[PDB]
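So this first bit is one chain, no partners, the form deposited in one PDB entry, shown in structure tokens.
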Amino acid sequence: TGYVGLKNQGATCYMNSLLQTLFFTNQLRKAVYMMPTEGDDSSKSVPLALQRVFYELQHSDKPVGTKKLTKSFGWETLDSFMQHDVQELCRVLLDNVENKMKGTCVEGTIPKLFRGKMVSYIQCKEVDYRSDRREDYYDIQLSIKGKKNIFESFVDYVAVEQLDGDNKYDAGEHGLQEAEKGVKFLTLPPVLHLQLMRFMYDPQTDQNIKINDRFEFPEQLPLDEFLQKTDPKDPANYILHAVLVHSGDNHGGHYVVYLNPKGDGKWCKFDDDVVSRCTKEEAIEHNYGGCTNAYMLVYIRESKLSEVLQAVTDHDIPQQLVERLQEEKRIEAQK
């Protein structure tokens, strides 16, 4: 394979899958390498710990550990991962990286890669008043129940909700007014993170249940029809890059991530320390479900594929970062 896996040092659940997905976001990895962490503390700095993990994944021939990384942002118990969905963990990592990039050239790199623009609108019917609420988004949670595939999920995602009964819109001064509620996509990020809503509740037993309904996702995803304004020369055509899967329908289950890091159709399976070649069928079709199925998908805009997946070489790692990390080994290599 040529790629190195991550150690299983506890009940980190989806973390190892997320780290591999972000590590192969080459443009993000390069940005992480450029972070000025010379003065940061080794124990408390998430950006530094994140640099160490990416560095070891790129140079180490043995499984890479993540104890100091989890210890940096405080998720040191299985519970910590039970409290949050996968996207909320991705937010803690990206926000730690983005803050450290403030006051630099690479500032705003995370928003450029992951952030999208949408608007939540409420339009009155009898009277002329419209409330537009602009909101950035770094991920999209798709409803899969009764939905055949991503295409059908996006159609439902943009459905128009009606407010006309007792649930009339409180327009403040206008009081109660029949209105329509909806969401409109303004832009789609170069790297599209999609989460499938497979965790459900379930009031009778008062527990969260995973639904294993079949949900299909293509290798090529066209999303131009859902944008409010289309941009010629930059079509909203996306290419599948990673497939995060889970088995067991519980936090105590099995977590793995499938990736074609080069976006060339050559897929690999990342199962903790074991990285093995696999077919497109094992990575895609075998994860549609219908208890091992996909819960998160990563798509990359085709026009930005060369830039997002640009090759990262040793020259892209600052010497200061290398000297510090290698200095760290000498202390630990004292064994």
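In case it trips you up, residue 1 is the first one in the sequence shown, and so on. Think of the rigid core as the biggest set of C-alphas that the two forms share within 1.5 Å after superposition.
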At least a third of the other compared entries: do they leave residue 74 without coordinates?
no
Does the comparison with other PDB entries of this protein show residue 136 lacking coordinates in a third or more of them, where both adjacent residues are built?
no
From residue 39 on to residue 40, does the model leave out none, 1 to 3, 4 to 9, or 10 or more residues of the deposited sequence?
none
Averaging the C-alpha B factors as listed in the entry, name the stretch that ends up higher: 201 to 209 or 231 to 239.
201 to 209
Out of 265 to 273 and 39 to 47, which stretch has the higher average CA B-factor listed in the record?
39 to 47
Sort 165, 222, 218, 189 by C-alpha B-factor from the entry and give me just the highest.
165
Which of these has the highest Cα B-factor in the record: 258, 73, 121, 114?
73
For residue 317, does the deposited CA B-factor place it in the lowest, middle or highest third of the chain?
middle
What third of the chain, by the recorded C-alpha B-factor, contains residue 84?
middle
Modelled-residue ranking by C-alpha temperature factor, third containing residue 290
middle
By its CA B factor, does residue 110 count among the lowest, middle or highest third of the modelled residues in the chain?
middle
Residue 152: CA temperature factor from the record, placed by chain third, in the middle
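The same protein also exists as the form deposited with a partner chain bound; that form is not shown, yet it is the one meant from here on.
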Exactly one of 110, 256, 124, 188 has a non-hydrogen atom within 4.5 Å of its partner chain in the deposited bound form; which residue is it?
110
Is residue 193 part of the interface with its partner chain in the deposited bound form - any heavy atom within 4.5 Å?
no
Contact between residue 184 and its partner chain in the deposited bound form at 4.5 Å, heavy atoms?
no
I'd like to check something about residue 262: if you look in the deposited bound form, is any of its heavy atoms closer than or equal to 4.5 Å to a heavy atom of its partner chain?
no
For residue 118, is any heavy atom within 4.5 Å of its partner chain in the deposited bound form, or not?
yes
Looking at 143, 80, 149, 237 between the shown form and the other one with the core superposed, the single C-alpha displaced by 2 Å or more is at 80
Taking the rigid core as the frame, does residue 170 move its C-alpha by 2 Å or more between the shown form and the other one?
yes
